[PDB]
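Working notes, beginning with the structure itself.
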Amino acid sequence: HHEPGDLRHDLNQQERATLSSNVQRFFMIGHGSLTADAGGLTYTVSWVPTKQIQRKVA
Amino acid sequence: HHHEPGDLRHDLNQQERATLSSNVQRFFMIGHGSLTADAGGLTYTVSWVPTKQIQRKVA
Amino acid sequence: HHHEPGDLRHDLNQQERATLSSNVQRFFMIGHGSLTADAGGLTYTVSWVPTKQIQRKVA
Amino acid sequence: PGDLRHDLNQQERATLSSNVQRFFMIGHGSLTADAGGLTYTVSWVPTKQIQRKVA
Ligand SMILES: [Cl-]
Ligand code: NA
Ligand code: NA
């Protein structure tokens, strides 16, 4: 799988999996923005993650 | 009692929503989209063409 | 286990998609299309007329 | 072009051509058609080394 040079580059699997879950949950409970264009869909959401992760990415 | 936003999720059924949430989760895990440090926190953004059944509805 | 977008790729067979992926990798290496910055990250976009066979499937 | 590839070296540009190629196959991005022909677009964050350069 692709290894992007964004904030996931500094997180371990557990931490990345915690964040993947955050995003999936937010999508289900109505948070963020799902929009469509010519291309397809874009989902965007912002949040403050748990402190353990927040210290690492903030 | 979850918020029900008026974005594209407004046009989609529960199954369609659950499928897309799965796309978003997996995309996060497989390194797609962009995870940046925003003002106070994180922003995750990802773009994709959904599977055919959903594509029919959104296109 | 890959994502199966409902875009034109939905309508193409494995070999036609293989060929197009090659067309795209080639175009990138020879200066075609446009590689630009943000969205957070990179966007690459390229337009082209594919072979007559693929052409008929996609129009 | 005088886009980002202008400033990227051969290893970097090859890496990205491989990203683009793999993303096409794994279903990421958007393949659409016009009266023209086909358009493929995909966005992504490259490996740190390249992301550090283009951001
Ligand atoms: Cl948000
Ligand atoms: Na896609
Ligand atoms: Na086109």
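Below, chains carry the letters A, B, ... as their sequence lines are ordered, and counting in each starts from 1.
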#### Entry: Closest contact, heavy atoms only, D/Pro1 versus C/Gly31
CG-O, 3.1 Å
#### Entry: Inter-residue atom distance B/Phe27.CZ - D/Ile26.CD1, 0.5 Å rounding
8.5 Å
Please tabulate, for side-chain N and O atoms in residues 5-13 of chain A, each donor-acceptor pair with protein atoms closer than 3.5 Å (sequence neighbours left out).
{"from": "A/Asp6", "atom 1": "OD1", "to": "A/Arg8", "atom 2": "N", "distance (Å)": "3.1"}
{"from": "A/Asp6", "atom 1": "OD1", "to": "A/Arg8", "atom 2": "NE", "distance (Å)": "3.3"}
{"from": "A/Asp6", "atom 1": "OD2", "to": "A/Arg8", "atom 2": "NH2", "distance (Å)": "2.9"}
{"from": "A/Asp6", "atom 1": "OD2", "to": "B/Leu35", "atom 2": "N", "distance (Å)": "2.7"}
{"from": "A/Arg8", "atom 1": "NH1", "to": "B/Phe28", "atom 2": "O", "distance (Å)": "2.9"}
{"from": "A/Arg8", "atom 1": "NH1", "to": "B/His32", "atom 2": "O", "distance (Å)": "2.9"}
{"from": "A/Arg8", "atom 1": "NH2", "to": "B/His32", "atom 2": "O", "distance (Å)": "3.2"}
{"from": "A/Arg8", "atom 1": "NH2", "to": "B/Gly33", "atom 2": "O", "distance (Å)": "3.0"}
{"from": "A/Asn12", "atom 1": "ND2", "to": "A/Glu15", "atom 2": "OE1", "distance (Å)": "3.4"}

### Task
Would you please name every residue forming a side-chain hydrogen bond (donor to acceptor under 3.5 Å, both in side chains) with B/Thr36, sequence neighbours left out?
none
### Query
Quick one: salt bridge (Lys or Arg N to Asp or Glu O under 4.0 Å) pairs with a partner in residues 21-42 of chain A, sequence neighbours left out?
none
### Query
Does B/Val49 belong to the same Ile/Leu/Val/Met/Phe/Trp/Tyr cluster as D/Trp44, with side-chain heavy atoms less than 4.5 Å apart forming each link?
no
### With C/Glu4 via side-chain contact (heavy atoms from CB on, under 4.5 Å) - residues at least two apart
none
#### Entry: Heavy-atom closest pair, residues B/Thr51 and C/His3
N-CE1, 3.9 Å
### Summary
Hits for side-chain hydrogen bond (donor to acceptor under 3.5 Å, both in side chains) against B/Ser34, two or more places apart or cross-chain, chain-then-number order -> none
### Task
Could you tell me which residues satisfy side-chain hydrogen bond (donor to acceptor under 3.5 Å, both in side chains) with A/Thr42, sequence neighbours excluded, listed by chain and number?
B/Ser47
### Message
Test of understanding: with side-chain hydrogen bond (donor to acceptor under 3.5 Å, both in side chains), list the residues that count as partners of D/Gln51, not counting sequence neighbours.
### Response
none
### Query
Looking at A/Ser20 and A/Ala17, what are the two nearest heavy atoms and their distance?
OG-O, 2.8 Å
### Query
Taking side chain as C-beta onward, heavy atoms only, is A/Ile53 less than 4.5 Å from A/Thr18?
yes
### Query
With A/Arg55, which residues qualify under side-chain contact (heavy atoms from CB on, under 4.5 Å), at least two apart?
A/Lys51
### Summary
Shortest non-hydrogen pair, B/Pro50 vs A/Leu41, comes out as CG-CD1, 3.7 Å
